[PDB]
Amino acid sequence: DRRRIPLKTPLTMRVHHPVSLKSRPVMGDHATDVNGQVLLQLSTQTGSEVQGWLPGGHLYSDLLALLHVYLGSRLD
Amino acid sequence: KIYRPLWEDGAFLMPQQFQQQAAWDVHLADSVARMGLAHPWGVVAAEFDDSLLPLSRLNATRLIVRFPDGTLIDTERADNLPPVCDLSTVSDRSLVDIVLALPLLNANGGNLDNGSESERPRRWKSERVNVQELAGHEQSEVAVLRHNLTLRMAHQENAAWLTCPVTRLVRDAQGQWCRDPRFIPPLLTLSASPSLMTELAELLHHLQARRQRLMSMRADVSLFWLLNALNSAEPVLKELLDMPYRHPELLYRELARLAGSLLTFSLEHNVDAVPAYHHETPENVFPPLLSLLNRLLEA
Amino acid sequence: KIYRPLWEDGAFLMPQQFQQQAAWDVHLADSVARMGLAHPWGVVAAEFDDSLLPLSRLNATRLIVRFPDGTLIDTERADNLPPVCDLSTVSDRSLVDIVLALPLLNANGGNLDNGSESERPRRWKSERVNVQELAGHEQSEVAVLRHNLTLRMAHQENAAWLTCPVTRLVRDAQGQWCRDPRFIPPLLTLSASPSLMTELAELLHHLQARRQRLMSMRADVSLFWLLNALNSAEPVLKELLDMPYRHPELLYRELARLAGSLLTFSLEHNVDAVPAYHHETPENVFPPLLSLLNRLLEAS
Amino acid sequence: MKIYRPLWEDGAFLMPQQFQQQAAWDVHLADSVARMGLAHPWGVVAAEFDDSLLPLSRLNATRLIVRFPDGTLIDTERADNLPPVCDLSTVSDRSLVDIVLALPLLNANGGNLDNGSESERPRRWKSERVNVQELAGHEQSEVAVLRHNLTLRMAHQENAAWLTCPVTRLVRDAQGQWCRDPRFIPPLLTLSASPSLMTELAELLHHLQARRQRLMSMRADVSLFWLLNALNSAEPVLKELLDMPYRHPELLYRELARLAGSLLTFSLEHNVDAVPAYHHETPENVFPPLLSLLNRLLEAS
Amino acid sequence: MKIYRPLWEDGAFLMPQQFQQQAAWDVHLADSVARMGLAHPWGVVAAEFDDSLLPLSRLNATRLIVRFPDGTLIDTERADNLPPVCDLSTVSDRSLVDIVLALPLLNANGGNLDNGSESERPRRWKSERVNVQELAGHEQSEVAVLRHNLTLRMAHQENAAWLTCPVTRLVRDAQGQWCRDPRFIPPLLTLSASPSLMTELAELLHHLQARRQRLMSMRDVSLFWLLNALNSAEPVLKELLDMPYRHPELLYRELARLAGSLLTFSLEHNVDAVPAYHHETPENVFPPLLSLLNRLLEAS
């Protein structure tokens, strides 16, 4: 899943300490990240389940509570 | 406007710098061409597969053309061929002029085709291709730009595109479509249209044949004059026709001089028998002038 | 002095690579032009504001110039106009030759004008411009390079500058400044000089008129060959003048041939009557060539 | 050999291929323009050699400027290096040899940079480190610079892997020593590239003018009138072309060919086919005979 | 900086972009209107500082109302916060320092909100949670409200990332302590923004009226010309100064006309003495114009 990552510094031209293409540089605003996230898409067949999944619902909360341990810090 | 980028230490690297630089270099090249050539734009190659005309399909095979605004199209090296033109909607016609269409630039950006639809056609398309690094031994996929080319018919609205003629299709005796044997695109290179080269070859032949007949006869003012005119022209026309790889403007001037001289003694032709050069419509220039020369010579 | 970059593998993104490529690209384009033309440089446009001359000030409105080293100036598409020229210190003169000047490239650097003072004039200026991307939608600012153009007098020291004529001023009967009615800068495009267009149009007219008279009319040897000379020359001269956007060298050659032939009929003048081509000083080339042709055609 | 126009996409990985392709296109475009006016837009501009060590079987170049027939421009004055010294020690068995400037072919499959390794085929590109100063500012540092791999090879050697363009010819002198052939013309891009031809052209103009004056002095004599006209018509243009010898030969050939054509209307002894066809690769078979013909014809009257 | 005006259809999602872009457009329209009558619709409306701590190298703003060059209105009285106190300890070496109000430039690519992290580019917006009273009903609650990242910066230090507008100048006094420059004028949006100017203008009016009354009593076309000019200008200049809450451009033109007429009879003054209007540097506009007018009035 693609996410945009802010850069610490923009890509610029220099004389004393120039950037090597070995770094695979990109323009200075944002870089892509396709190794940090996955997409989990849900689908329900009833209003009860939907309300549970909506923010504030009990299913939304429970799922995050489980991801906390199951995935931890590995991926978002 | 073209904004030449200022390259310096500490400067940011930006895609706008590259795009503006490219525009400048094209402009500069165009400026140079115009120093000697009145009309730098025109057709270099217009080769079609006409074997599919019996099945109502026109399929280009190799198109090379410089457009009126300096844009260079090169199928062989950089561009893709246009989609095959469907002639089934031409059923009720007996003659169709086909042009190559190129969408014109959007001054305020949005020139690249992102797959969306709009009132004004996009000019550029993005494709992914495999490019070999010349220096080393590695390959990678990069993004390249292609022009959004398409074939359109002259009788269709073409306001949104710049156009340049490439072929003309006419109904044959069998009711089948075929390429018109006597059609000339606005040419940039003489070799682009064999029809013209053939007629030029016939002219050269006749000039040589007549010159030899006259020369063997060497009150003699007409004889000497005609020989002089023919002898002067031959060494130049020859070269121009041997290597048909240049702007037709050069040929026109030479042919015009020959016709100009010959008309001096001719009585059966008008003073202004020599046509003006019409770059956009060579069919109203060359075959006329050549026909004139053949008559002036035969006389 | 031009170091084409080597873009391979782990290349370094240094500002020098870009500057050197640009230098080459201009050189290469210039090399091509030189294949057919001896002098691929000169004036394309030189329009000035005449309303300031009464107030001792000269200000260009549109300049298109190509310098002797391939540098292309275009104040319609990419460049800015030069600062207003103060003629006060030139007042003592009755005739002033004005040239467009651009400081020479410094091989040792320091070409960019950073506002500091130096003994050698800077040639580049940095301007910030908000430039719209063509491919996408995003708009952002870049550093745009402008030439440090200025107007200078021909009589001034110009060692540090490339330069060419753009206009000449003279004092009128009332003492006020006025552009010289018959000045021609080194031309790159024939159409750059309106006065030349007029004179050439007159020539073509007279040529055609004489042709038609002789043509209708047709000692008879002279008639046939005089007519031949006109019939041969006219079709091409016409094409050259109908679409008058070519380098002067092409026109010169065609006109010279016609003059050459006509001098075969006249005994009232020399055979070296046809002037040599001079790019810098076209005033001594075309005006007399054209006068010669007009007189010879009239003599018939 | 494809040439792509790279898309400078914002945020995309920046690649060395983008730069190589951008440069290739710009060169292609420049070449395309040249070809609109000239049939053969390539050849020698400069070929100045150092023959001081030639008596000792060593030939070296001092300045080479050659446009190769693939749009590549080589310039050892401001862009490239001079080639290695040609060792004629293995050429001593010959009485006459031609030297060609060789530039390795550009391989579409890569491997065009010389990394010092052994290979069955020559590399076109070399890597040189040059301390290059920035123009805008004052800062200076070492940057990689491309140099072309040029070398001097003998015409009789296998040259399939190189583009070649003749630069000079050597012959054996009376003493058995090598010397440069006084009458050699390489494919020319500019007239000034060959002093020999230029000298002959200057002589022609002189004779043309001298003969013209005699005819003027002597002015139903259609012969004189006809010929005199031809000379007065030609000179005003031929002079200009020779005064500034910095144009592609095609322009000069054309003008001279017309003069020869006209003059062959008078001569009966000479044949109408006396005027040679233009050949770019071997100018020696074009100009030397054309010029000889013109002199012979002018002398007729 | 494209503005993407939102469309509302039969049914749709609400999005942050719709609200942000709609606000941007409305600001644009307001700016467009201002520019129909005024060349420079930006500058200082008000600026006040607490000088109590100035002797201890602290510059503490108390009120700032400034319209920025890009249509952004900052008002710390009605809808914004005051900037952090500027520490003058780092410029102790200098006898004079200019202070400007800086506002970080908008990032077209986002990341404008300050999330407390550090970065090269200053953030423009801050999020402050305050209790906002509903107007219709009687309830109030916490709402995230946008505040600007305002700060005072030294005029001489690099300010590339900020849009700036001068607010005050400090100098060293006889005691070596910092104090405010008695005659500093920032780019003004309203006359009331600079009391120093108001005072001088009031003095001018006084002298003008006195000159008028004396001349009127003493009653050669010079007499009438000078008197006419005074009588014509006074009824307008008075109104402008009575309600000093309008753009300086209006005042400038009236004063300029007066100076113009007076200079007609003066034989010692330069007709070009009247300065051009400069919005950024008003100090070179009004102080010399007013000085000229005072001299011209005295030279009766």
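Taken together, the values in this text are just the output of simple stated rules run on the coordinates, not laboratory data. All Cβ positions, even for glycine, are placed from backbone atoms using ideal geometry, and neighbour counts span all protein chains on display.
Below are the figures for this structure:
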quantity	calculated
Residues of the stretch C:169-213 satisfying the condition of being crowded, with 19+ Cβ neighbours inside 10 Å, in a helix (DSSP H, G or I) and either within 14 Å of chain B (Cβ to nearest Cβ) or not aliphatic (A, V, I, L, M) (or both)	C:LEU190, C:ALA192, C:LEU207, C:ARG211
Residue in the stretch C:229-248 that is assigned to a loop (DSSP other than H, G, I, E, B), away from chain D (no Cβ under 14 Å), surrounded by fewer than 20 Cβ atoms within 10 Å (Cβ to Cβ) and among the aliphatic types (A, V, I, L, M) present	yes
Subset of the stretch C:49-72 [buried (at least 20 other Cβ atoms within 10 Å of the Cβ) and in a strand (DSSP E or B)]	C:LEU58, C:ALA60, C:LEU63, C:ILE64, C:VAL65, C:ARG66, C:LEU72
Meets criteria (facing chain C (nearest Cβ under 8 Å), out of contact with any strand residue (DSSP E or B) (no Cβ under 7 Å at 6 or more places or on another chain), closer than 29 Å to D:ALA30 by Cα and of a type in the set (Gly, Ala, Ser)) for B:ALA38	yes
Selection from the stretch D:1-35 of residues that are within 10 Å of chain C (Cβ to nearest Cβ), aliphatic (A, V, I, L, M) and farther than 24 Å from D:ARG67 by Cβ	D:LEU7, D:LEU14, D:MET15
Residue among A:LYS22, A:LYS8 that alone is of a type in the set (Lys, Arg), within 14 Å of another protein chain (Cβ to nearest Cβ), assigned to a loop (DSSP other than H, G, I, E, B) and under 30 Å from D:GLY137 (Cβ atoms)	A:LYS8
Conditions (1) surrounded by 15 or more Cβ atoms within 10 Å (Cβ to Cβ); (2) within 14 Å of another protein chain (Cβ to nearest Cβ); (3) touching a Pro at 6+ places or on another chain (Cβ under 8 Å); (4) not aliphatic (A, V, I, L, M); number of the one not met by D:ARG121	(1)
Selection count where residues are part of a helix (DSSP H, G or I) and either in contact with a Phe, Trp or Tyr (Cβ under 9 Å, 6 or more places away or on another chain) or farther than 21 Å from D:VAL275 by Cα (or both), scope the stretch B:251-273	9
Members of the stretch C:25-42 that are closer than 27 Å to C:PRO82 by Cα and more than 19 Å from the chain's Cα centre (by Cα)	C:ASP25, C:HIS27
Any hit, the stretch B:86-97, residues being within 14 Å of chain C (Cβ to nearest Cβ), outside any loop (DSSP other than H, G, I, E, B) and either under 27 Å from the mean Cα position of the chain (by Cα) or within 30 Å of B:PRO282 (Cα to Cα) (or both)	no
Qualifying residues in the stretch A:31-48 (those that are within 14 Å of chain D (Cβ to nearest Cβ) and surrounded by 10 or more Cβ atoms within 10 Å (Cβ to Cβ)) - the one nearest to E:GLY110 (Cα to Cα)	A:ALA31
Residues that are more than 7 Å from every other protein chain (Cβ to nearest Cβ) and closer than 26 Å to B:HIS278 by Cβ, drawn from the stretch C:214-228	none
Residue that is surrounded by the fewest Cβ atoms within 10 Å (Cβ to Cβ) [pool: residues in the stretch C:131-159 that are among the polar types (S, T, N, Q) and over 23 Å from C:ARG62 (Cα atoms)]	C:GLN156
Odd one out for C:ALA107 among (1) within 13 Å of chain D (Cβ to nearest Cβ); (2) closer than 27 Å to C:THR189 by Cβ	(2)
Matching residues in the stretch D:261-293 - criterion: being surrounded by 21 or more Cβ atoms within 10 Å (Cβ to Cβ) and more than 20 Å from the chain's Cα centre (by Cα)	D:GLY261, D:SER262, D:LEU263, D:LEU264, D:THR265, D:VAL275
Flag if D:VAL45 is within 17 Å of D:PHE184 (Cα to Cα), crowded, with 18+ Cβ neighbours inside 10 Å, within 14 Å of chain C (Cβ to nearest Cβ) and under 23 Å from the mean Cα position of the chain (by Cα)	yes
